[PDB]
file upload-v2.cif (mmCIF, C-alpha atoms)
data_my_file
loop_
_atom_site.label_atom_id
_atom_site.label_comp_id
_atom_site.auth_asym_id
_atom_site.auth_seq_id
_atom_site.Cartn_x
_atom_site.Cartn_y
_atom_site.Cartn_z
CA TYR A 1 88.26 141.17 100.84
CA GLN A 2 86.27 144.38 100.22
CA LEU A 3 82.59 144.42 99.38
CA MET A 4 81.58 147.80 98.02
CA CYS A 5 77.93 148.66 97.22
CA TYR A 6 76.52 151.50 95.15
CA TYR A 7 73.43 153.43 96.17
CA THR A 8 72.03 155.56 93.31
CA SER A 9 70.18 158.81 94.22
CA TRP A 10 67.34 158.00 91.71
CA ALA A 11 66.52 154.55 93.30
CA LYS A 12 64.22 156.28 95.89
CA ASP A 13 62.27 157.92 92.96
CA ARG A 14 61.24 154.55 91.31
CA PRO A 15 57.41 153.91 91.60
CA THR A 16 55.62 152.16 94.50
CA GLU A 17 57.38 148.80 95.40
CA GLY A 18 60.51 149.68 93.39
CA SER A 19 61.37 152.68 95.63
CA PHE A 20 64.45 152.07 97.83
CA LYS A 21 65.83 154.65 100.35
CA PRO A 22 69.55 154.73 101.49
CA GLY A 23 68.63 154.58 105.19
CA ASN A 24 67.18 151.06 104.52
CA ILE A 25 70.54 149.55 103.43
CA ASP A 26 71.64 146.78 105.89
CA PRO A 27 74.65 148.50 107.64
CA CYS A 28 76.48 145.16 108.14
CA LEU A 29 76.11 143.97 104.54
CA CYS A 30 78.99 145.80 102.79
CA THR A 31 82.49 147.12 103.74
CA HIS A 32 81.94 150.35 101.66
CA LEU A 33 78.82 152.22 100.50
CA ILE A 34 79.26 154.44 97.43
CA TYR A 35 76.80 157.27 96.73
CA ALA A 36 76.13 157.93 93.00
CA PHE A 37 76.44 160.81 92.14
CA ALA A 38 77.97 164.17 93.09
CA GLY A 39 78.35 166.84 90.40
CA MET A 40 80.67 169.76 89.65
CA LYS A 41 80.34 173.55 89.61
CA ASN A 42 83.20 175.96 88.69
CA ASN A 43 85.78 173.13 89.19
CA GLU A 44 84.36 172.27 92.66
CA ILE A 45 82.57 169.08 93.75
CA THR A 46 78.90 169.71 94.73
CA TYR A 47 75.58 167.88 95.31
CA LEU A 48 73.14 167.56 92.32
CA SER A 49 70.10 168.49 94.43
CA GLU A 50 69.56 169.72 97.99
CA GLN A 51 67.60 166.47 98.71
CA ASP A 52 71.00 164.63 98.24
CA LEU A 53 72.08 166.13 101.62
CA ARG A 54 69.26 164.17 103.31
CA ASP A 55 70.55 160.99 101.53
CA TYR A 56 74.14 161.76 102.71
CA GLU A 57 72.81 161.98 106.33
CA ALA A 58 70.82 158.69 106.09
CA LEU A 59 73.76 156.87 104.36
CA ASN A 60 76.47 158.17 106.75
CA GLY A 61 74.19 157.53 109.79
CA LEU A 62 74.54 153.77 109.02
CA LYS A 63 78.16 154.11 110.36
CA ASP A 64 76.56 154.55 113.85
CA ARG A 65 75.36 150.87 113.54
CA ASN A 66 78.46 149.48 111.75
CA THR A 67 81.42 151.52 113.09
CA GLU A 68 83.84 149.89 110.53
CA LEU A 69 81.60 150.78 107.53
CA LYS A 70 83.14 153.25 105.07
CA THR A 71 81.28 155.61 102.71
CA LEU A 72 82.50 157.05 99.41
CA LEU A 73 81.08 159.80 97.20
CA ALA A 74 81.16 159.05 93.46
CA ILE A 75 81.62 161.90 91.00
CA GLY A 76 80.92 161.48 87.31
CA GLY A 77 79.32 158.56 85.54
CA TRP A 78 78.35 157.86 81.93
CA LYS A 79 75.74 160.70 81.66
CA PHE A 80 78.01 163.38 83.18
CA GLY A 81 80.61 162.53 80.50
CA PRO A 82 84.20 163.69 80.01
CA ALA A 83 83.94 167.49 79.38
CA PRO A 84 83.78 168.76 83.07
CA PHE A 85 86.78 166.57 84.04
CA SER A 86 88.70 167.68 80.89
CA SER A 87 88.34 171.36 81.91
CA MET A 88 89.08 170.62 85.62
CA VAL A 89 92.39 168.73 84.98
CA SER A 90 93.57 171.19 82.26
CA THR A 91 95.42 173.51 84.69
CA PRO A 92 97.12 173.23 88.13
CA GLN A 93 94.83 176.09 89.34
CA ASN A 94 91.66 174.10 88.39
CA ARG A 95 93.04 170.84 89.94
CA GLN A 96 93.82 172.74 93.21
CA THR A 97 90.28 174.28 93.29
CA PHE A 98 88.83 170.76 92.81
CA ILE A 99 91.11 168.94 95.35
CA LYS A 100 90.41 171.62 98.01
CA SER A 101 86.64 171.40 97.38
CA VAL A 102 86.78 167.55 97.70
CA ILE A 103 88.57 167.61 101.09
CA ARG A 104 86.15 170.24 102.43
CA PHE A 105 83.02 168.49 101.01
CA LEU A 106 83.92 164.95 102.16
CA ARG A 107 84.80 166.12 105.69
CA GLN A 108 81.74 168.38 106.19
CA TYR A 109 79.27 165.68 105.03
CA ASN A 110 81.03 162.78 106.85
CA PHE A 111 82.24 160.75 103.80
CA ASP A 112 85.38 158.51 104.14
CA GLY A 113 86.60 159.09 100.58
CA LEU A 114 86.05 159.87 96.91
CA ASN A 115 85.36 157.62 93.93
CA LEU A 116 86.43 159.26 90.64
CA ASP A 117 84.23 158.04 87.79
CA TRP A 118 85.40 159.94 84.73
CA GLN A 119 83.89 158.28 81.63
CA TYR A 120 86.42 158.58 80.13
CA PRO A 121 89.87 160.28 79.95
CA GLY A 122 91.11 160.03 76.34
CA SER A 123 87.75 159.17 74.72
CA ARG A 124 84.19 160.52 74.06
CA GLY A 125 85.83 163.82 73.02
CA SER A 126 88.40 163.94 75.85
CA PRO A 127 91.83 164.60 74.18
CA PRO A 128 94.89 162.21 74.38
CA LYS A 129 96.65 164.51 76.94
CA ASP A 130 93.89 163.65 79.53
CA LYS A 131 95.50 160.18 80.02
CA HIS A 132 98.55 162.01 81.49
CA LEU A 133 96.47 164.77 83.22
CA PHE A 134 94.12 162.25 84.94
CA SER A 135 97.23 160.47 86.41
CA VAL A 136 98.52 163.97 87.56
CA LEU A 137 95.11 164.72 89.21
CA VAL A 138 95.10 161.30 90.99
CA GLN A 139 98.73 161.79 92.26
CA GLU A 140 97.99 165.35 93.47
CA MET A 141 94.66 164.29 95.15
CA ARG A 142 96.42 161.34 96.97
CA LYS A 143 99.22 163.75 98.15
CA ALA A 144 96.63 166.31 99.42
CA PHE A 145 94.72 163.50 101.28
CA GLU A 146 98.03 162.38 102.95
CA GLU A 147 98.83 166.02 103.94
CA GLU A 148 95.29 166.60 105.39
CA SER A 149 95.53 163.31 107.38
CA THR A 150 98.92 164.42 108.88
CA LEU A 151 97.73 168.04 109.56
CA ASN A 152 94.48 166.96 111.34
CA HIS A 153 95.73 163.67 112.99
CA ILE A 154 92.79 161.65 111.52
CA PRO A 155 92.65 158.62 109.14
CA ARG A 156 93.33 159.60 105.52
CA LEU A 157 90.40 159.94 103.07
CA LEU A 158 90.17 157.03 100.61
CA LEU A 159 90.79 157.55 96.90
CA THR A 160 89.28 155.18 94.36
CA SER A 161 88.56 155.33 90.63
CA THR A 162 86.45 153.30 88.24
CA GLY A 163 88.45 151.58 85.47
CA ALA A 164 87.10 150.92 81.96
CA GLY A 165 86.19 147.38 80.93
CA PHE A 166 86.83 147.97 77.15
CA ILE A 167 90.47 147.42 75.97
CA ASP A 168 90.61 150.37 73.49
CA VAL A 169 89.16 152.68 76.26
CA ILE A 170 91.73 151.36 78.83
CA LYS A 171 94.60 151.99 76.33
CA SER A 172 93.61 155.60 75.54
CA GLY A 173 92.80 156.70 79.09
CA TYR A 174 94.65 154.91 81.92
CA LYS A 175 98.36 155.04 82.95
CA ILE A 176 97.83 151.78 84.88
CA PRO A 177 101.19 151.60 86.81
CA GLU A 178 100.91 155.26 88.00
CA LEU A 179 97.19 155.02 88.85
CA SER A 180 97.83 151.77 90.80
CA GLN A 181 100.56 153.53 92.90
CA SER A 182 98.28 156.40 94.03
CA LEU A 183 94.78 154.90 94.16
CA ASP A 184 93.58 152.83 97.12
CA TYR A 185 91.27 150.85 94.75
CA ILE A 186 90.39 150.48 91.07
CA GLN A 187 86.72 149.53 90.53
CA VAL A 188 86.84 147.67 87.22
CA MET A 189 83.71 148.13 85.13
CA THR A 190 83.20 144.42 84.28
CA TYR A 191 79.61 144.92 83.01
CA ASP A 192 77.59 146.32 80.02
CA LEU A 193 79.60 143.78 77.87
CA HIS A 194 76.44 142.79 75.92
CA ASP A 195 77.60 144.70 72.76
CA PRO A 196 74.05 146.04 71.98
CA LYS A 197 74.90 147.33 68.48
CA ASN A 198 76.11 144.04 66.88
CA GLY A 199 72.56 142.61 66.45
CA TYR A 200 73.00 139.45 68.55
CA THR A 201 72.15 138.46 72.12
CA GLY A 202 75.08 138.94 74.47
CA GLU A 203 75.74 138.54 78.18
CA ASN A 204 76.01 141.57 80.46
CA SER A 205 79.01 140.33 82.54
CA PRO A 206 80.10 136.78 81.55
CA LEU A 207 83.00 135.28 83.56
CA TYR A 208 84.47 133.61 80.42
CA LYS A 209 84.17 134.13 76.66
CA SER A 210 81.76 132.19 74.39
CA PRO A 211 83.71 129.81 72.01
CA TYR A 212 81.89 131.81 69.27
CA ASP A 213 83.35 135.19 70.47
CA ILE A 214 86.00 136.12 67.89
CA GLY A 215 88.47 139.05 67.74
CA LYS A 216 87.60 142.00 70.02
CA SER A 217 84.47 140.10 71.29
CA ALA A 218 86.83 137.53 72.95
CA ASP A 219 87.89 140.21 75.55
CA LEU A 220 84.22 141.00 76.64
CA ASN A 221 84.40 138.88 79.80
CA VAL A 222 85.47 139.34 83.44
CA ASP A 223 88.51 136.98 83.18
CA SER A 224 89.96 138.77 80.07
CA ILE A 225 89.40 142.28 81.46
CA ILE A 226 91.00 141.65 84.89
CA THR A 227 93.92 139.79 83.16
CA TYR A 228 94.50 142.90 80.99
CA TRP A 229 94.65 145.23 84.04
CA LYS A 230 97.05 142.81 85.86
CA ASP A 231 99.27 142.28 82.73
CA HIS A 232 99.59 146.10 82.39
CA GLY A 233 100.76 146.67 85.99
CA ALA A 234 97.69 146.97 88.29
CA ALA A 235 98.08 145.72 91.85
CA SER A 236 95.90 142.55 92.18
CA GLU A 237 94.78 143.48 95.74
CA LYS A 238 93.73 146.95 94.56
CA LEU A 239 91.43 145.49 91.87
CA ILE A 240 87.72 145.54 92.83
CA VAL A 241 85.62 143.44 90.37
CA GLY A 242 82.34 144.88 89.10
CA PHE A 243 79.27 142.69 89.93
CA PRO A 244 76.08 143.96 88.17
CA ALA A 245 72.74 143.54 90.04
CA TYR A 246 70.89 143.86 86.66
CA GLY A 247 70.72 142.40 83.16
CA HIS A 248 70.42 143.62 79.56
CA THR A 249 67.43 142.76 77.40
CA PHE A 250 66.86 142.15 73.71
CA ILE A 251 63.97 141.49 71.32
CA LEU A 252 64.76 138.25 69.43
CA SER A 253 64.50 138.23 65.61
CA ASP A 254 63.11 134.67 65.86
CA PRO A 255 61.65 133.32 69.21
CA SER A 256 62.97 129.80 68.28
CA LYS A 257 66.58 131.23 68.25
CA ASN A 258 66.79 132.14 71.92
CA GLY A 259 70.41 131.29 72.88
CA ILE A 260 73.49 133.50 73.38
CA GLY A 261 74.70 134.85 70.02
CA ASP A 262 71.23 134.69 68.40
CA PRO A 263 69.85 137.50 66.12
CA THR A 264 68.13 140.54 67.68
CA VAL A 265 65.81 143.35 66.49
CA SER A 266 66.43 145.91 69.29
CA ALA A 267 66.98 146.28 73.04
CA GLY A 268 64.03 145.05 75.18
CA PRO A 269 61.22 147.29 76.51
CA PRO A 270 61.71 149.26 79.80
CA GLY A 271 60.79 147.56 83.07
CA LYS A 272 57.90 148.74 85.29
CA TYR A 273 60.29 150.07 87.98
CA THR A 274 63.69 150.84 86.40
CA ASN A 275 62.12 152.32 83.19
CA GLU A 276 65.24 151.99 80.94
CA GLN A 277 65.03 150.31 77.50
CA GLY A 278 67.43 147.34 77.34
CA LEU A 279 67.84 147.00 81.16
CA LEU A 280 66.04 145.07 83.95
CA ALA A 281 67.04 145.14 87.64
CA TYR A 282 67.65 141.71 89.23
CA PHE A 283 64.38 142.23 91.23
CA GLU A 284 62.47 142.77 87.89
CA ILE A 285 64.11 139.65 86.32
CA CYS A 286 62.71 137.61 89.30
CA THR A 287 59.20 138.80 88.26
CA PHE A 288 60.02 137.88 84.59
CA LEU A 289 60.96 134.32 85.78
CA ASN A 290 57.86 134.10 88.04
CA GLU A 291 55.67 135.10 85.07
CA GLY A 292 56.96 132.13 82.99
CA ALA A 293 60.32 132.97 81.40
CA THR A 294 62.54 129.91 80.58
CA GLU A 295 65.74 130.11 82.70
CA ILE A 296 69.02 128.75 81.28
CA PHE A 297 72.36 128.67 83.11
CA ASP A 298 75.14 128.94 80.51
CA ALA A 299 78.13 127.05 81.93
CA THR A 300 80.50 128.14 79.11
CA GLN A 301 80.10 131.79 80.30
CA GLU A 302 79.02 130.90 83.89
CA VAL A 303 76.01 133.23 83.69
CA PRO A 304 72.26 132.80 83.29
CA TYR A 305 69.83 133.99 80.62
CA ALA A 306 66.03 133.87 80.39
CA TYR A 307 63.51 134.20 77.60
CA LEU A 308 59.75 134.54 77.12
CA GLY A 309 58.40 134.72 73.59
CA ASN A 310 60.62 137.23 71.78
CA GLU A 311 61.99 138.85 75.03
CA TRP A 312 65.53 137.77 76.07
CA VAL A 313 67.62 138.81 79.14
CA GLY A 314 71.30 138.15 79.97
CA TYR A 315 72.03 138.68 83.65
CA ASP A 316 73.55 137.48 86.98
CA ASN A 317 72.02 135.39 89.74
CA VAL A 318 73.08 133.72 93.05
CA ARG A 319 74.97 130.94 91.19
CA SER A 320 76.91 133.30 88.85
CA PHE A 321 77.80 135.55 91.88
CA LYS A 322 78.98 132.43 93.80
CA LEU A 323 81.18 131.24 90.86
CA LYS A 324 82.63 134.74 90.29
CA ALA A 325 83.33 135.14 94.07
CA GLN A 326 85.38 131.91 94.05
CA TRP A 327 87.22 133.03 90.88
CA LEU A 328 87.92 136.45 92.57
CA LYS A 329 89.51 134.70 95.61
CA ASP A 330 91.46 132.28 93.36
CA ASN A 331 92.92 135.30 91.49
CA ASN A 332 93.97 137.15 94.71
CA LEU A 333 91.79 140.16 93.86
CA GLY A 334 90.90 142.95 96.32
CA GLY A 335 87.17 142.34 96.37
CA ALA A 336 83.85 143.08 94.69
CA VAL A 337 81.65 146.11 93.97
CA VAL A 338 77.88 145.66 93.53
CA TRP A 339 76.51 147.90 90.81
CA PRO A 340 73.91 149.11 91.90
CA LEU A 341 72.90 147.59 95.30
CA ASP A 342 69.39 149.14 94.80
CA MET A 343 68.72 146.72 91.86
CA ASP A 344 69.37 143.62 94.01
CA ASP A 345 66.16 142.44 95.83
CA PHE A 346 66.35 145.11 98.57
CA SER A 347 62.95 144.15 100.05
CA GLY A 348 63.00 140.34 99.61
CA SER A 349 59.49 140.46 98.03
CA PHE A 350 60.37 140.03 94.34
CA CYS A 351 62.75 137.02 94.49
CA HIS A 352 61.75 135.42 97.86
CA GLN A 353 65.47 134.63 98.54
CA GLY A 354 65.64 137.03 101.57
CA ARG A 355 66.85 140.69 101.58
CA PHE A 356 69.69 141.57 99.12
CA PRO A 357 70.16 137.92 97.87
CA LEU A 358 72.96 138.77 95.38
CA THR A 359 74.94 140.93 97.82
CA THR A 360 74.42 138.48 100.76
CA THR A 361 76.01 135.74 98.52
CA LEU A 362 79.15 137.95 98.23
CA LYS A 363 79.16 138.91 101.97
CA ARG A 364 79.12 135.17 102.87
CA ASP A 365 81.57 133.89 100.21
CA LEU A 366 84.07 136.78 100.66
CA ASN A 367 83.87 136.31 104.52
CA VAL A 368 82.88 139.93 105.14
CA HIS A 369 82.87 140.45 108.92
CA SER A 370 82.87 143.62 110.94
CA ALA A 371 83.79 143.51 114.65
CA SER A 372 80.96 146.05 115.18
CA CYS A 373 78.37 143.66 113.58
CA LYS A 374 79.10 140.33 115.42
#
call {"tool": "encode", "arguments": {"input": "upload-v2.cif", "output": "structure tokens"}}
result
Amino acid sequence: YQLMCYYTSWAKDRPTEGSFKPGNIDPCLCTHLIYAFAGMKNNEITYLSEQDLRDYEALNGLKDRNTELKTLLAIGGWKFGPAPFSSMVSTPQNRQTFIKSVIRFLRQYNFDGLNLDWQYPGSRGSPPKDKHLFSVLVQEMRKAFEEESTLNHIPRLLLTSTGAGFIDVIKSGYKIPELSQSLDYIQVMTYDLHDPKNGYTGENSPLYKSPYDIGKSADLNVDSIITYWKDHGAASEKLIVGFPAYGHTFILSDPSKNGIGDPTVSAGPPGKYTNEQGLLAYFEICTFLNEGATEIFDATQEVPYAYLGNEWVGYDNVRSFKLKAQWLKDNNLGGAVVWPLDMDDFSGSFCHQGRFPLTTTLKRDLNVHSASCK
């Protein structure tokens, strides 16, 4: 099984005890480290800031301790949006400029591959034709990686892509059989399933649906999403399940109605370290629990939630990671991807469950072993 772990460039910029640097990632913990994010300039991949080059060096230097460790560079993300990718895939000339810049960039900065994270082809303004053009880009990029490998007599660069977790978004943007042929891995975005706009508490990444989830809500769970990708032609061993190291928060309409599916006023206030309304890192949730929040493990969805007064959080813990890891193995999936590793308890001081408790649960249960680490 694979165990991929994201490192986000902004994690080192969080205040005081929340700051986490890439050089402090345990090199034996994951099979792949993914750096979020690279940007684009004139149809060429590039760094977002010159300081990212120092992060690339620290991240890639971990391969000197774990010689089997692989590193990927992620381009895109929610904030970047669809427009740069739409322009880049629009012509063969722009795709060639991009593919050539990727090979050159990955090799010069010692990355083992690229993670495409276009959010999303075919939606958010991206036209219907981008479903076909994204598949063309992926085929052409895989072919160029094979040709570079043969020309230089070195292992081929890896090619991965994120995959939407929302059915309508999957339908309008992904030619699943073609993408599965050319990609090494598909990182399925099995998280942010809390449906913030419906006015009820919802889980971030439940394994199974709530019996109260009706219609489109019934597909907002790991089991339903992965089943959809498999039913539509994705290779099971190429599927990498998204494991969030954070939760989503809500302000309860009534503090006495504190279960899943209960009425909400708004997303919860930003955390001291992550500073994003409606989100708390796993390390911040540990503080919330230590400061008196009531912890409930919902067996119907196989995920926890916690509440304190009118503040409610739906998240993942050691137990939910354990149960999803067994389900992953039972379903012959390719592995897991921790999103983001920097929101797990990287120091061991917030949760007192040792360093990286969520990720360590996956390393142990997915039998991740490197010959270089024994």
call {"tool": "closest_residue", "arguments": {"input": "upload-v2.cif", "among": "A:107, A:79, A:322, A:209", "to": "residue 193 in chain A", "atoms": "only C-alpha atoms"}}
result
A:209
call {"tool": "atom_distance", "arguments": {"input": "upload-v2.cif", "atom1": "CA of residue 173 in chain A", "atom2": "CA of residue 123 in chain A"}}
result
7.1 Å
call {"tool": "atom_distance", "arguments": {"input": "upload-v2.cif", "atom1": "CA of residue 199 in chain A", "atom2": "CA of residue 187 in chain A"}}
result
28.8 Å
call {"tool": "residues_around", "arguments": {"input": "upload-v2.cif", "residues": "range 159-168 of chain A", "least_positions_apart": "3", "cutoff": "7 Å", "atoms": "only C-alpha atoms", "output": "PDB file with C-alpha atoms, in the frame of the given file"}}
result
ATOM      1  CA  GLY A 113      86.600 159.090 100.580  1.00  0.00           C
ATOM      2  CA  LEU A 114      86.050 159.870  96.910  1.00  0.00           C
ATOM      3  CA  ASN A 115      85.360 157.620  93.930  1.00  0.00           C
ATOM      4  CA  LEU A 116      86.430 159.260  90.640  1.00  0.00           C
ATOM      5  CA  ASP A 117      84.230 158.040  87.790  1.00  0.00           C
ATOM      6  CA  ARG A 142      96.420 161.340  96.970  1.00  0.00           C
ATOM      7  CA  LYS A 171      94.600 151.990  76.330  1.00  0.00           C
ATOM      8  CA  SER A 172      93.610 155.600  75.540  1.00  0.00           C
ATOM      9  CA  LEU A 183      94.780 154.900  94.160  1.00  0.00           C
ATOM     10  CA  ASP A 184      93.580 152.830  97.120  1.00  0.00           C
ATOM     11  CA  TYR A 185      91.270 150.850  94.750  1.00  0.00           C
ATOM     12  CA  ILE A 186      90.390 150.480  91.070  1.00  0.00           C
ATOM     13  CA  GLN A 187      86.720 149.530  90.530  1.00  0.00           C
ATOM     14  CA  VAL A 188      86.840 147.670  87.220  1.00  0.00           C
ATOM     15  CA  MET A 189      83.710 148.130  85.130  1.00  0.00           C
ATOM     16  CA  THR A 190      83.200 144.420  84.280  1.00  0.00           C
ATOM     17  CA  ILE A 225      89.400 142.280  81.460  1.00  0.00           C
TER      18      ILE A 225
END
call {"tool": "resolve_selection", "arguments": {"input": "upload-v2.cif", "expression": "the PyMOL selection byres ((chain A and resi 176) around 9)", "output": "ChimeraX atom specification"}}
result
/A:135,170,174-175,177-181,229,232-234
call {"tool": "closest_residue", "arguments": {"input": "upload-v2.cif", "among": "A:244, A:39, A:27, A:354", "to": "residue 74 in chain A", "atoms": "only C-alpha atoms"}}
result
A:39
call {"tool": "build_atoms", "arguments": {"input": "upload-v2.cif", "residues": "range 184-211 of chain A", "atoms": "N, CA and C atoms", "output": "compact mmCIF listing (two decimals), in the coordinates of the input"}}
result
# COMPACT_ATOMS: atom_id res chain seq x y z
N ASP A 184 93.78 153.87 96.12
CA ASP A 184 93.58 152.83 97.12
C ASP A 184 92.95 151.62 96.43
N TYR A 185 92.00 151.87 95.50
CA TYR A 185 91.27 150.85 94.75
C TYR A 185 90.92 151.28 93.34
N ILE A 186 90.82 150.29 92.45
CA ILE A 186 90.39 150.48 91.07
C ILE A 186 89.16 149.59 90.93
N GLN A 187 88.00 150.22 90.72
CA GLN A 187 86.72 149.53 90.53
C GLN A 187 86.57 149.28 89.04
N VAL A 188 86.85 148.06 88.63
CA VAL A 188 86.84 147.67 87.22
C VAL A 188 85.40 147.46 86.76
N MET A 189 85.05 148.14 85.68
CA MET A 189 83.71 148.13 85.13
C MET A 189 83.45 146.91 84.25
N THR A 190 83.45 145.74 84.90
CA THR A 190 83.20 144.42 84.28
C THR A 190 81.68 144.18 84.12
N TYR A 191 81.04 145.01 83.30
CA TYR A 191 79.61 144.92 83.01
C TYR A 191 79.29 145.76 81.78
N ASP A 192 78.05 145.67 81.28
CA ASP A 192 77.59 146.32 80.02
C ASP A 192 78.43 145.78 78.84
N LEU A 193 78.79 144.48 78.90
CA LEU A 193 79.60 143.78 77.87
C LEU A 193 78.72 143.05 76.85
N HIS A 194 77.46 143.44 76.78
CA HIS A 194 76.44 142.79 75.92
C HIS A 194 76.54 143.21 74.44
N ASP A 195 77.37 144.20 74.13
CA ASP A 195 77.60 144.70 72.76
C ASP A 195 76.23 144.92 72.06
N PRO A 196 75.40 145.89 72.53
CA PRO A 196 74.05 146.04 71.98
C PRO A 196 73.94 146.32 70.48
N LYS A 197 74.97 146.92 69.89
CA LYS A 197 74.90 147.33 68.48
C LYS A 197 75.23 146.22 67.45
N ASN A 198 75.74 145.05 67.87
CA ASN A 198 76.11 144.04 66.88
C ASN A 198 74.92 143.21 66.33
N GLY A 199 73.74 143.31 66.94
CA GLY A 199 72.56 142.61 66.45
C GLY A 199 72.40 141.17 66.89
N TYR A 200 73.08 140.79 67.98
CA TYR A 200 73.00 139.45 68.55
C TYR A 200 72.83 139.50 70.06
N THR A 201 72.21 138.48 70.66
CA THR A 201 72.15 138.46 72.12
C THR A 201 73.55 138.28 72.69
N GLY A 202 73.80 138.98 73.78
CA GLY A 202 75.08 138.94 74.47
C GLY A 202 74.88 139.10 75.96
N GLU A 203 75.79 138.48 76.73
CA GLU A 203 75.74 138.54 78.18
C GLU A 203 76.26 139.85 78.72
N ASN A 204 75.66 140.31 79.81
CA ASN A 204 76.01 141.57 80.46
C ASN A 204 77.42 141.52 81.08
N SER A 205 77.74 140.44 81.82
CA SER A 205 79.01 140.33 82.54
C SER A 205 79.40 138.85 82.61
N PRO A 206 79.72 138.20 81.47
CA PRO A 206 80.10 136.78 81.55
C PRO A 206 81.48 136.64 82.19
N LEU A 207 81.70 135.55 82.94
CA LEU A 207 83.00 135.28 83.56
C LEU A 207 84.02 134.94 82.47
N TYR A 208 83.62 134.07 81.51
CA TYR A 208 84.47 133.61 80.42
C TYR A 208 83.84 133.93 79.07
N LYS A 209 84.66 133.89 78.01
CA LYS A 209 84.17 134.13 76.66
C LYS A 209 83.31 132.96 76.17
N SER A 210 82.54 133.20 75.11
CA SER A 210 81.76 132.19 74.39
C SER A 210 82.77 131.60 73.38
N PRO A 211 82.74 130.30 73.02
CA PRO A 211 83.71 129.81 72.01
C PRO A 211 83.48 130.47 70.65
